[PDB]
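Take a look at this single chain, the form deposited in one PDB entry, given in structure tokens.
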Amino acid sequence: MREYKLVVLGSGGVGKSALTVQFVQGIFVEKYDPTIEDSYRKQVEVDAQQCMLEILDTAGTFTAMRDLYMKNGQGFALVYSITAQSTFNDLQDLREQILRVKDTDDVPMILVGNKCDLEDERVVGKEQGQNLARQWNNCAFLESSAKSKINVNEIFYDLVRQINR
């Protein structure tokens, strides 16, 4: 079995932990406990292949430990809350830091817009997410909800597919 090391990054309260836990355990985390650093191991079939995912659930609220995430991780999910405008703005500097630390403009990645089930609460429209995805060397993009299990599997699937090239 081939291991893929994946990293979930983004500002506090966006749903990195909820996305990870939904993917790995199949339950929805309601409580808000800010993560320090959780790690998960899940086996998936991704295109006729048995893959072993190590997924790093990182801290929103720890710049010291951040450099090690980026040096060792092969795939990165950058996650924002469609509810929270600021969370989107903070992603720009995350992209640039991954690229700075790895020294390549060609890193497997996916821009994740979380909380799409909170439709009556949008502050970041799908257009905004695509426009940045475009600017980011035409990077991959999804809107997701960890509550209703929408594109949750996609996030980590797409990442594996990308490393596979």
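Superpose the two forms; the largest set of C-alphas matching within 1.5 Å is the rigid core. Residue positions are given as counts along the sequence shown, with the first one as 1.
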Among the other entries of this protein that model both neighbours of residue 69, is it absent from at least a third? no
Do at least a third of the other compared PDB entries leave residue 136 without coordinates? yes
Is there a break between residue 61 and residue 62, and how many deposited residues does it span: none, 1 to 3, 4 to 9, or 10 or more? 1 to 3
Is the mean CA B factor in the deposited entry higher across 127-135 or across 52-60? 127-135
Looking at the entry, does 62-70 or 23-31 show the higher mean C-alpha B-factor? 62-70
Just say lowest, middle or highest third for the CA B-factor of residue 41 relative to the other modelled residues in its chain. lowest
Compared with the other modelled residues in the chain, in which third is the CA B-factor of residue 110? lowest
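The next section is about a form of this same protein that is not shown, the form deposited in another entry.
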Aligned on the rigid core, do the two forms place the Cα of residue 29 2 Å or more apart, comparing between this form and the one not shown? yes
Once everything's superposed on the core, is residue 117 shifted 2 Å or more at the Cα between this form and the one not shown? no
Closer or farther: the CA pair residue 55/residue 33 in that other deposited form, versus this form, with a change of 3 Å or more? closer
Classify the change in Cα distance between residue 32 and residue 157 in that other deposited form as closer or farther, relative to the shown form (magnitude of 3 Å or more). closer
